[PDB]
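One-letter residues, chain by chain:
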Amino acid sequence: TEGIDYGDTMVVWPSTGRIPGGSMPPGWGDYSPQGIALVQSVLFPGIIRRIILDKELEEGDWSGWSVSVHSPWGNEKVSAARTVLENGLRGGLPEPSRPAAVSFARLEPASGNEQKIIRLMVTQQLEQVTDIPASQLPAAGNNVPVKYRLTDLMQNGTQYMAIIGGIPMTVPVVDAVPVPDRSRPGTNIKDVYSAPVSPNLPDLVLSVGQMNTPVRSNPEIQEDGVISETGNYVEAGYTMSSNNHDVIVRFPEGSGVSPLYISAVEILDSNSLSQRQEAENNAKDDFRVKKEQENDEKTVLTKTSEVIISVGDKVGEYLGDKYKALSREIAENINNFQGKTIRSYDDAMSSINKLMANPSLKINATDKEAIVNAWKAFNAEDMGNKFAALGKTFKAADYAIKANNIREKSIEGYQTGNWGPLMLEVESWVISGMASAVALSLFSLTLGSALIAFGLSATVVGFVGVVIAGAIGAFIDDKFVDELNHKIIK
């Protein structure tokens, strides 16, 4: 499964394939008639094991997979990686809203020369990966909330196995089913269950019978191609290999067998590593780019909102409170305008033509002269620099140029009554590639933060409070330019 999890911010790397790359029927060898393949290895929690599909098919055995589940025993490396993960998590995540990882084993690349489908499996008791009682686990085929996960880490083209954690993660609950005894029909094999640890591969057989037997076979358990090394609080990977999975295997009805978390990884070969490292490198930088894009968009929209409300307040204690209410609306609309598109050129210019058509919306030559001269002294260059003496508002002073055009073009329009150069320059910004929301902010910010700073009389501050409100209005909605004419100017 995959579910609601959404890979806890991870994109899929469609796996290399599964190497294979360089007598019948099953049962004939010296094996048990029960039907299950030999019990090839023991699954102690935290200790990684190299498990082979059809380990001994040709040697005579039955089809598949079979491992033994055992209680805590021996030297495992997860508990040390968990300690570094927990400690580092007290100092915040590497990257917010993305899990944190610490390696517990390093992997030597597969030769590619293999016929067998190998799989590295790691095991953990329920409680070590989650605080939900066994007794409160979901019904199989649903994801259970987890706190730790055991998966892999592509770190510098070499594949690692790590413990992730830190954000709200989730894991699929799957179902262990009793396996039938092919030698004694009607009855099932005692204390042997099968579960879809999978993926694409046949169900793993779990022999849970002799879970507590004496194990006096050296606490190390050194696998070939699995170097056990602890290492450092890093950010987790961005791609999940298609053939890798971790699930919580839930045992039957009255089995008396507590849920096991199991992780099944695919050892990637030398050219598949490079494949995955660029998949990684690319998923990382694109996330990085989307992140700043949206954050910086959010900050110029919140500062615009605030400036549009201040304009509302200043023009408001002269033009009225019906004017203040409209500014709440334009600022509300801008503060949510993320992802939206400004209105068209022909639609906006029909709106401001409607405003400027209102005959009780006039200025005398002395007031007109004051607005023009106020724009002539405007410091376009510092309005450009604002992403520094405001906060982190826009990016790169290529904006000083745009801010100077709004200026020269607001001057015309007050001078000629032609707002075409002004409205057209704003569209230019979008067309040559600016996000509508960012183009709305710069326009609204340049107009608003110039008005709350102009040395102008109240008659004039009212006229410009109407012009710039009808102008920011027109790129958002025609509602805004009807409220002005019909309820405010009159």
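Deposited coordinates in this entry are attributed by the record to X-ray crystallography, at a stated resolution of 2.5 Å.

**Thoughts on the nonpolar core**
In this structure, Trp375, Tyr414, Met423, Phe443 and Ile472 are the most contacted members of the largest nonpolar core, which totals 67 residues. It is helix 11 (residues 458–474) that provides the largest number of residues to this core, a total of eleven residues. In this structure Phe443 touches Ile406, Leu422, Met423, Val426, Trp429, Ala471, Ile472 and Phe475, once residues within four positions along its chain are discounted. One finds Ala100, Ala110, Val129 and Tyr160 within the second-largest nonpolar core, a separate group that totals 38 residues.

**So, the sheet that holds strand 2 (residues 41–43)**
Pairing is mixed in the open sheet, where five strands are placed in the order 2-4-11-10-9. The sheet is open, and its two borders are formed by strand 2 and strand 9 (177–180), each paired with just one other strand. Averaged over all neighbouring strand pairs, the angle between strand axes comes to 45°, with direction disregarded. Two elements, strand 9 and strand 10 (residues 188–195), share three bridges in a ladder whose sense is antiparallel. The residue of strand 10 that forms the bridge with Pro180 is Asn188.

**Quick look at the pairing of strand 16 (residues 260–265)**
Burial analysis of strand 16 places six of its six residues in the buried class, the great majority of the element. Bridge count between strand 6 (residues 118–125) and strand 16: six bridges; the pairing is antiparallel. In the strand pairing of strand 16, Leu120 is matched with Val265. The pairing of strand 15 (residues 245–250) with strand 16 spans five bridges and is classified as antiparallel.

**Observations concerning helix 5 (residues 345–355)**
Taken together, the buried positions of helix 5 are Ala348, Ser351, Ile352 and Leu355. The buried residues of helix 5 occupy an angular sector of 90° when projected down its axis, which confines them to one face. Where helix 5 is buried, its residues contact helix 9 (420–431), helix 11 and helix 12 (479–489). At the N-terminal end of helix 5, a side-chain oxygen is found 3.5 Å from the backbone nitrogen of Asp346, two or three residues along, and the residue is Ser344.

The rules behind these values
Residues numbered from 1 in each chain as written, not as in the entry; some residues may be left out. Heavy atoms only, no water. Residues with missing side-chain atoms left out of burial classes, pairs and counts. Core = buried A, V, L, I, M, F, W, Y, C linked by side-chain atoms within 4.5 Å. Buried < 20%, exposed > 50% of the residue type's maximum accessible area, 1.4 Å probe, protein only. Helix = DSSP H or I, 4+ residues; strand = E, 2+ residues; numbered from the N terminus. Contact = heavy atoms within 4.5 Å. Pairing = 2+ DSSP bridges. Axes fitted to C-alpha atoms, helices over the stretch in contact; angles between N-to-C directions. Arc of directions from axis to C-beta. Polar contact = N/O pair within 3.5 Å; in protein donor to acceptor, adjacent residues only side chain to side chain.

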